[PDB]
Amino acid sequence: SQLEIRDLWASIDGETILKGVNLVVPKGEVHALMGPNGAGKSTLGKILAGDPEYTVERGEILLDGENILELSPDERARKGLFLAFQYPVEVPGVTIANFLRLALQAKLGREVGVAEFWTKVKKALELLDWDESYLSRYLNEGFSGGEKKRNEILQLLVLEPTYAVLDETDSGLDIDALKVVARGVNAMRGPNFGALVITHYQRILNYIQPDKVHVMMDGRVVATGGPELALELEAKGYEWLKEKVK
């Protein structure tokens, strides 16, 4: 009934990056994970995804009670953790529709007929208020990050994961990009879904209201609170918080 990071310690090259991360996201809630940058938030994201370059020194990551650290990225997704399907940006002639079908079939482990595919796609489009013509565009036509986000949010809704970890730090203050992710996350809100939105700026949190905010510093969570914490952090800055936790 929750996604829990418990006393997680992780390194890369003997250098310890995560230093005892504790973070619980109850299914049904949407949390935010903030940090100054280099504090380890995007590293946590990569470890949740299974990036092999990292070494877990101690701790666990439990998804509904099961530790998934020893599972492959593929197995984690089967357990419900959202894992967007990656494909080379330079490959032409791939409609977004064919790609989504490929992604859904990979996650479900079986063929998906046209009725099941389009029914799921249509509901997703209805939730995002997007036109079905979009599915006829080619994957990566514009080689842009904004296009990558929109396409991954479509996957989020069609694949229906139980938990999703979304790192939006790369979008910075690009409002359109933050709003696309917010639309998708808000559309997925419900008792069978939990999410962790990773971000440096508080901006996206005005579109995605979090139930809880966790703030990392020097590889561990040093403060937690409601949305007001992200707000005070945005007004005063991270240096402020660093001292206040003392």
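Numbers for residues come from their place in the sequence shown, where the first is 1.
*Asks:* Looking only at CA atoms, which has the higher mean B factor in the entry: 59-67 or 205-213?
*Replies:* If you average the C-alpha B-factors of 59-67 and of 205-213, the larger mean comes out for 59-67.
*Asks:* Could you check which stretch, 192-200 or 217-225, carries the larger mean CA temperature factor in the entry?
*Replies:* Looking at the recorded C-alpha B-factors, 217-225 comes out higher on average.
*Asks:* Looking at 141, 174, 167, 152, which one carries the largest C-alpha B-factor according to the PDB entry?
*Replies:* Comparing C-alpha B-factors across 141, 174, 167, 152, the maximum falls on 141.
*Asks:* Per the coordinate record, which of the options 91, 124, 100, 112 holds the highest CA temperature factor?
*Replies:* Of the candidates given, the C-alpha B-factor peaks at 91.
*Asks:* Going by the entry, which third of its chain does the Cα temperature factor of residue 5 land in?
*Replies:* Middle third of the chain for residue 5's C-alpha B-factor.
*Asks:* With respect to C-alpha B-factor, does residue 77 fall in the lowest, middle or highest third of the chain as deposited?
*Replies:* Highest third.
*Asks:* Would you check the entry's CA temperature factor for residue 83 and let me know if it's in the chain's lowest, middle or highest third?
*Replies:* It falls in the top third of the chain.
*Asks:* Pull the Cα B-factor of residue 12 out of the PDB entry and bin it into the chain's lowest, middle or highest third.
*Replies:* For residue 12, whose C-alpha B-factor we compare with every modelled residue in the chain, the answer is the highest third.
*Asks:* Can you tell me which third, lowest, middle or highest, the CA B-factor of residue 133 falls into for its chain?
*Replies:* Its C-alpha B-factor, which the entry lists for residue 133, ranks in the highest third among residues of this chain.
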